[PDB]
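Enquirer: Handing you this structure, nothing more for now.
A short reminder: the numbers here are calculations on the coordinates, not readings from a lab. Cβ coordinates were reconstructed from backbone atoms using ideal geometry, including for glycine residues, and neighbour counts include every protein chain displayed.
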2 protein chains.
Amino acid sequence: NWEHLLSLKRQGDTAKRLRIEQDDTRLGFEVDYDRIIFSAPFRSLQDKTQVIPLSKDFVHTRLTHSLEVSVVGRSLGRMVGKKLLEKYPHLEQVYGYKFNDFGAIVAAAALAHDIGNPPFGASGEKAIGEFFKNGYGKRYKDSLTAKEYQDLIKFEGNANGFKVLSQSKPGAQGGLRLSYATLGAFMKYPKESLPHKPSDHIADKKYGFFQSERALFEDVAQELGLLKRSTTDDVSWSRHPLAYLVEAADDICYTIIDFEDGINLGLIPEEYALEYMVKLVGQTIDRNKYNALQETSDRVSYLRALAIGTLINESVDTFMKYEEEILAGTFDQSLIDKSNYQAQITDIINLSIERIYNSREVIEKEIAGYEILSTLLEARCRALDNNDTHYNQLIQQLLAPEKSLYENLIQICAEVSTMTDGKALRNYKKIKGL
Amino acid sequence: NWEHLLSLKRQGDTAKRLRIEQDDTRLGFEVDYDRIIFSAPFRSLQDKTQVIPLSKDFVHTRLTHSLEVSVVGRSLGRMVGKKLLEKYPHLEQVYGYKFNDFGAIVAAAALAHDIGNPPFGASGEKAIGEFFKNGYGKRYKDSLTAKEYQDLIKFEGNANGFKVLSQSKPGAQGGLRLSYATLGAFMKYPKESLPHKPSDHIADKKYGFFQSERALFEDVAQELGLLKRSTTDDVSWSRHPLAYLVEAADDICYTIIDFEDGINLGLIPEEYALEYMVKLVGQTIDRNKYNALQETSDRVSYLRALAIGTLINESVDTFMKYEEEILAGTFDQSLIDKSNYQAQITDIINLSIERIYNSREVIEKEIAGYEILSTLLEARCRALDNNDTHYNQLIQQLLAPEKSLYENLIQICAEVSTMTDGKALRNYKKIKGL
Ligand SMILES: Nc1nc2c(ncn2[C@H]2C[C@H](O)[C@@H](COP(=O)(O)OP(=O)(O)OP(=O)(O)O)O2)c(=O)[nH]1
Ligand SMILES: Nc1nc2c(ncn2[C@H]2C[C@H](O)[C@@H](COP(=O)(O)OP(=O)(O)OP(=O)(O)O)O2)c(=O)[nH]1
Ligand SMILES: Nc1ncnc2c1ncn2[C@H]1C[C@H](O)[C@@H](COP(=O)(O)OP(=O)(O)OP(=O)(O)O)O1
Ligand SMILES: Nc1ncnc2c1ncn2[C@H]1C[C@H](O)[C@@H](COP(=O)(O)OP(=O)(O)OP(=O)(O)O)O1
Ligand SMILES: [Mg+2]
Ligand SMILES: [Mg+2]
Ligand SMILES: [Mg+2]
Ligand SMILES: [Mg+2]
């Protein structure tokens, strides 16, 4: 039920924090927002790849993408919360909740939803995985549990993001110490790395936490009241209802903005821009304003602003139509896939894949990223092995100012993923002496 | 009075927008926030100098600084608005205002408060001015009005920010079309470029708009009901009350974060970090937590988080103590200057000036920036003069995809200030063929 889903608990708490005992100027979710804003992991997003590597231009990075997702998520959360308190009046009438709380939760979750991504993006994650699969790290296969090896060979940015958010350090336990509602709404694949893709459900495409933090998530999963889907030997719970909204906001934003940026770069003609969006923007377009503009940028910006407004309302309608199934855990798709504009979205995505992801420029950067990440990971792993050599001591002093082998390897992968693109490239040249 | 200060009017409006007729999910100030978030001028802040040029590291840029100022400003606005509606109940009881509106106004104003700054920062502005003062642009002195020449030789980032926010383009008038309350709260020097520093008041140190937009500000200044301070031949109004809060937030944030970054870089020892902040953090510090931490970063982050919380409350107290004078226009200082911690702030600022601004690293970058900006401005100005040469046509096609001389020169200065540091450097090398 909804009372346990909006928990204000933080790690290490003993008492019970109640909504009616909060300070209304600064609620806990706003504190979460402010704690994410002021941290270094959030700042490192400014020079991390969204689509085009090493482009910190007029193209998007992870930071600006996260900000746009935050705005869209705040809007979605406010509408859905107003409709929910309309449906269940006891929430507001007894517990003391307002529709701004839902917006704060979704905004905070959407702000930190990519905070664990490594440099170079998808190619970076695949390179980290291939290093342990077919490279040097393969030699560790026999020393590790099967699920730990699966963690290392299918490295996921979501698990690393959870690790960053809930990291324990000497003298400061809990990390950022976010609320449990925010951690639940941030969590989109509540399962371990094995088994690999059991079903066709949407919460099974990947995994969301490592083996070193499973216990932590267990605590979270038992406070919110999430339904359990497996207890044999591998735990898996159902989604928090607001993770659907977070995912919808992320999908809308990147789907539209990638097209707009590709048009502005010179890779997609504007005829496609009008053709694939006339249906989306037809219900609110004022042709006069469209015909007055004299630049491609103004036209594409107008079209994007209209399309986002249409899609947000459609998503809210879908969520309120399937609320019961979502709360019961039986809803196996995304809110976007149940929309009237699926064909247009698929056409835009296919055009983006053909014209942007496979561009020469984009390709060369990913190959360079593969080389850089492999070099840095091999250096760290060889330093971890010997430990007695002078060279090993130098590498330790440069790249790292009692734990198990799995903990050491996962820490190595986490430290590689903190770097930006430029810092990784600079370290690569310094290692090579170039 | 306060009823006219919180105006929801936009440029080109004919009717009257009322607060009670708004959609509560998305008020106008949130629309302003979202319009700033999604624009290209805001995105260009990601690679612009805050203190250390060409450092897009773990140091701050203009974008992250603006986000932190937005958080602090939202908090300040919420507290001040709650106290105001406590003082004047008729606002809420009749007009229908809530204390979140003040926070939205201050957050939107603080988000765009540096949007007109050029690359390389203060050195960049001084280079643009010196170009017209002692360089090529001096030849235009005889063709321009005195106030226009003063505009060109004392180039200000605030005037350029107003120009960016309220720019008119073919087919889209008004630019971002922000609310008038937001434009007033963004405006901190409501005067022209002449006379130069008439008095010791705080609204006279600089100027806030160009001659090409004076008329525009007049409209704004007459809708809010701002008091007039000069009508002889040069217009000058008093400050919007919330500009004080915007300035306080900006001062707090940069004053603390510059010290923290200098400590993390290796230019200031940590002994000073404890010595100059023990008084600030003494009222809420838990020594146990401070002694548990084992890294400099954790300690300085803790101290910064405590200091910001102390300063915010002190600023709110000062504002509510001098509200009457501020509303009457007789308050001639800043809220920070009337605080109990002025000595500590001055010590930290002096240490920052001695240790960070005059570092070798910082110095070399500013000299390079002077060279780059002078080259680009001279190229644009020589292209504007001749117009018939083949080279001039090439420069026009590269650097610029019926107006007066002053309009052309101010547009040149505005187009130079859109570039980031990296883009300016790349264009400089391409001009030199290197
Ligand atoms: N360059 C490049 N970019 C890609 C490729 N595949 C995806 N992208 C970029 C384009 C999208 O804007 C961006 C979205 O990345 P996400 O990790 O957020 O993807 P997704 O929504 O599938 O999220 P997920 O990790 O599955 O939850 O990734 C690729 O093969 N090459
Ligand atoms: N590198 C360098 N940075 C400087 C210098 N002077 C100021 N800064 C940097 C440090 C501060 O964090 C930052 C603040 O710039 P602002 O333009 O916001 O200054 P201010 O608050 O005086 O604002 P204003 O334009 O007068 O309203 O400028 C300087 O001489 N060199
Ligand atoms: N409903 C929404 N909620 C949140 N963000 C939105 C919404 N609609 C659009 N956005 C995003 C993308 C837009 O570029 C930006 C500004 O929105 P907005 O100013 O309402 O768009 P617009 O130009 O279509 O305006 P209007 O509807 O007044 O004509 O915010
Ligand atoms: N009152 C405030 N309003 C807005 N932002 C604030 C405030 N105080 C601090 N900040 C900024 C700077 C902090 O690094 C960041 C997070 O604040 P916060 O979590 O309250 O600080 P803290 O670590 O001192 O916590 P606490 O008071 O719970 O011990 O937000
Ligand atoms: Mg994302
Ligand atoms: Mg709209
Ligand atoms: Mg600033
Ligand atoms: Mg605090």
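Enquirer: What is the distance in Å between the Cα centroid of the stretch A:86-145 and that of the stretch A:32-68?
Expert: Distance between centres, Cα-based: 15 Å.
Enquirer: With +1 on the Cβ of every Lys and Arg and -1 on the Cβ of every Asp and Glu, and nothing else charged, how large is the dipole of the protein assembly as shown about its Cα centre, in debye rounded to the nearest 20?
Expert: Computed charge dipole of the protein assembly as shown: roughly 680 debye.
Enquirer: Work out the length of the dipole vector of the stretch A:75-146 about its Cα centre, built from +1 on the beta-carbon of each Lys and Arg and -1 on the beta-carbon of each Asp and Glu, and round it to the nearest 20 debye.
Expert: That gives a dipole near 160 debye.
Enquirer: Which whole-Hz couplings ³J(HN,Hα) result when phi for each residue of the stretch B:133-150 is put into the Karplus expression 6.51 cos²θ - 1.76 cosθ + 1.60, θ = phi - 60°, listed in order with x for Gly and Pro?
Expert: Once θ is set to phi - 60°, the couplings for the stretch B:133-150 become 6, 10, x, 4, x, 3, 4, 8, 3, 7, 9, 10, 5, 4, 5, 5, 5, 4 Hz.
Enquirer: Run the count for the stretch B:267-409, please: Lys pairs, Cα-Cα under 28 angstrom, 8 or more apart or on different chains.
Expert: 4
Enquirer: Using a cut-off of 15 Å between alpha-carbon atoms, which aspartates and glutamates can reach A:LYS432, once sequence neighbours fewer than 8 places away in the same chain are excluded?
Expert: Within the straight-line limit of under 15 Å, A:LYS432 reaches these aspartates and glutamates: A:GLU371, A:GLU378.
Enquirer: Further, regarding this structure: Work out the length of the dipole vector of chain A about its Cα centre, built from +1 on the beta-carbon of each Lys and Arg and -1 on the beta-carbon of each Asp and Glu, and round it to the nearest 20 debye.
Expert: 840
Enquirer: Name the long-range amide H neighbours of B:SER230: under 5 Å, sequence gap of 5 or more, or other chain; modelled H, no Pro or chain starts.
Expert: B:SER236
Enquirer: Express in whole angstrom the spacing between the alpha-carbon centres of the stretch A:257-284 and the stretch A:154-198.
Expert: 36
Enquirer: Just to confirm the numbers: B:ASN358, label point 7 angstrom along the Cα-Cβ line, distances to the other copies in nm, shortest first?
Expert: For B:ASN358, the other copies' label points sit at 6.0 nm, shortest first.
Enquirer: Could I ask something else about it? Could you list B:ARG43, A:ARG287, B:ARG26 so that the one with the fewest beta carbons within 10 Å of its beta carbon is first and the one with the most is last?
Expert: Taking fewest neighbouring Cβ atoms as first place, the list is A:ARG287, B:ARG26, B:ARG43.
Enquirer: Right, next: Using Cα pairs closer than 8 Å and at least 6 residues apart in sequence, work out the relative contact order for the stretch A:185-315, in percent.
Expert: Relative contact order, the stretch A:185-315: 21 percent.
Enquirer: Now, a different point. Of A:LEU63, A:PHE132, A:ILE412, which is farthest along the charge dipole of chain A in the positive direction, counting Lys and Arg as +1 and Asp and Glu as -1 at C-beta?
Expert: A:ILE412
Enquirer: Defining the label point at 7 Å along Cα→Cβ, can you sort the distances from A:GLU325 to the same site in each other copy, shortest first, in nm?
Expert: Output for A:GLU325: 6.5 nm, nearest copy listed first.
Enquirer: Also, I was wondering about something else. Among A:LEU306, A:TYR244, B:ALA424, which residue has its Cα furthest toward the positive end of the charge dipole of the protein assembly as shown, with +1 on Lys/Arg Cβ and -1 on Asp/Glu Cβ?
Expert: B:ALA424
Enquirer: While we're on this one: How large is the Kirkwood hydrodynamic radius of chain A, counting all unique pairs of alpha carbons, in Å?
Expert: 23.3
Enquirer: Cα to Cα, under 16 Å, and not fewer than 8 places away if on the same chain: which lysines meet these conditions relative to A:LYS138?
Expert: Of all the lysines, those that pass the test against A:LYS138 - Cα under 16 Å, at least 8 places apart if same chain - are A:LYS126, A:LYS147, A:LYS154.
Enquirer: With unit charges on the beta carbons (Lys and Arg positive, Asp and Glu negative) and the dipole taken about the Cα centre of the stretch B:20-159, which residue among B:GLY77, B:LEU54, B:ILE115 sits farthest to the positive side?
Expert: The residue sitting farthest along the positive end of the dipole is B:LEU54.
Enquirer: Would you mind listing the distances between the A:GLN93 label point and the same position in each other copy? Use 7 Å along Cα-to-C-beta, nm, one decimal, shortest first.
Expert: Its label point is 2.9 nm from the equivalent points in the other copies.
Enquirer: Could you put A:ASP250, A:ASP142, B:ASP337 in order, starting from the residue whose Cβ has the fewest other Cβ atoms within 10 Å?
Expert: Least crowded to most crowded, the residues run A:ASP142, B:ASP337, A:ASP250.
Enquirer: If each residue's Cβ is checked for other Cβ atoms within 10 Å, how do A:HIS201, B:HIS60, A:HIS390, A:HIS90 rank with the fewest at the top?
Expert: If I rank by nearby Cβ atoms, fewest first, I get A:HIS390, A:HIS90, A:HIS201, B:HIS60.
Enquirer: Another one. Could you compute the net charge surrounding A:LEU5? Neighbours are other residues with a C-beta less than 13 Å from the C-beta of A:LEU5; K and R count +1, D and E count -1.
Expert: So the environment of A:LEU5 carries a net charge of -1.
Enquirer: Could you give the distance between the Cα centres of the stretch B:291-319 and the stretch B:409-428, to the whole Å?
Expert: After rounding, the separation between the Cα centres reads 37 Å.
Enquirer: Quick one: which residues, 5 or more positions from A:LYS191 or on another chain, have an amide H under 5 Å from its amide H? H modelled 1.01 Å from N in the peptide plane, none for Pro or chain starts.
Expert: Residues meeting the amide H criterion: A:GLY208, A:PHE209.
Enquirer: Tell me the net charge near B:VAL300. Cut-off is 10 Å between Cβ atoms, B:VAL300 excluded, with +1 for each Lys or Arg and -1 for each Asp or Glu.
Expert: Residues close to B:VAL300 contribute a combined charge of -3.
Enquirer: Something else about it: To the nearest 500 deg cm²/dmol, what mean residue ellipticity at 222 nm is calculated for chain A from DSSP H runs of n ≥ 4 alone, each contributing -39,500 (n - 2.57), summed and divided by the residues?
Expert: Computed ellipticity for chain A at 222 nm equals -18000 deg cm²/dmol.
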